[PDB]
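In structure tokens, the next block holds one chain alone, the form deposited in one PDB entry.
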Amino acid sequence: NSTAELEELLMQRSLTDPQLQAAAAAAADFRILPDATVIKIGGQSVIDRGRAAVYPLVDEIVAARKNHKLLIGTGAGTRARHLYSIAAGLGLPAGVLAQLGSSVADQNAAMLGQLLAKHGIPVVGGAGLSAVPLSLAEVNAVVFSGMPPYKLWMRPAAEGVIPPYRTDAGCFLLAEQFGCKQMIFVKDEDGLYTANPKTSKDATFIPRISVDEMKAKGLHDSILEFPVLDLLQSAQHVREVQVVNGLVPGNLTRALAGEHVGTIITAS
């Protein structure tokens, strides 16, 4: 291979041409924000719970940004589910629901960001880079809304009109495309179990699992949006994620320090 040979294919072939696809795969790999960690703060699992859940996490974010560059995305939660229910009952398609869900994630970003504003941490747009480089260099953290910007172009699921790519996917894709070193989902359970811990008595905790093993156990749609698991298997930069309980004081701090709290889900 060579740059000339890749450029030749790029000019002469369809982008669908497997030979072109293979030459592009040999391109160098630049990480835009390699020292940053993406964190998702759950909507239903954290922010919807109010002060008791959010205030300790604000304290951890403030302590953590002294030693860690953080991109903090927000989930949507119960107001998005209400909107999805209204719109789905009207027959509206996934692309319309996607925009509704994004405004709820935006609301949660604004609430979290206002609690962090006196520490210098801004709310920034989620579609891309925006004020991220400057803020990460100065105050070491930004807050963004976790919904992907697909709007009416959202890919529908195989069944139903609920957008399949929501705030887990949004936060994951930004970690992946910025080449961040780490992706932490902050939810309301210690991690993955063999069954839903809220509706199962005897679920067993799983410290570490691959995507393939998850699928072989029926856990494809459990604590993470199942589409995120497939995105993870295709990822170039973020080949594992960590799921932790944001309701446990210090859990985020300890996860950022490299402690294996929660569940590590690996692409392979």
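Shifts are known only where both forms have a C-alpha. If you superpose the two forms and keep the largest set of C-alpha atoms that fall within 1.5 Å, you have the rigid core. Throughout, we count residues from 1 along the sequence that is shown.
Just so it is clear, the following notes concern the form deposited in another entry, a form of the same protein that is not shown.
Engineer: Fit the core first: which of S85, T78, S130, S103 then shifts its CA by 2 Å or more between the shown form and the other one?
Structural biologist: C-alpha shift of at least 2 Å: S130.
Engineer: After a rigid core superposition, would you say the CA of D221 moves by 2 angstroms or more between the shown form and the other one, or not?
Structural biologist: It does shift by 2 Å or more.
Engineer: Specify closer or farther for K40 and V132: how their Cα atoms are spaced in that other deposited form versus the shown form, given a shift of 3 angstroms or more.
Structural biologist: Farther, not closer.
Engineer: Which way does the C-alpha gap of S135 and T74 go in that other deposited form, closer or farther, given it changes by 3 angstroms or more?
Structural biologist: Result: farther.
Engineer: Once the core is lined up, would you list the consecutive runs of at least three residues whose Cα atoms each shift 2 Å or more between the shown form and the other one?
Structural biologist: After superposition, residues 126-138, 220-222 shift as runs.
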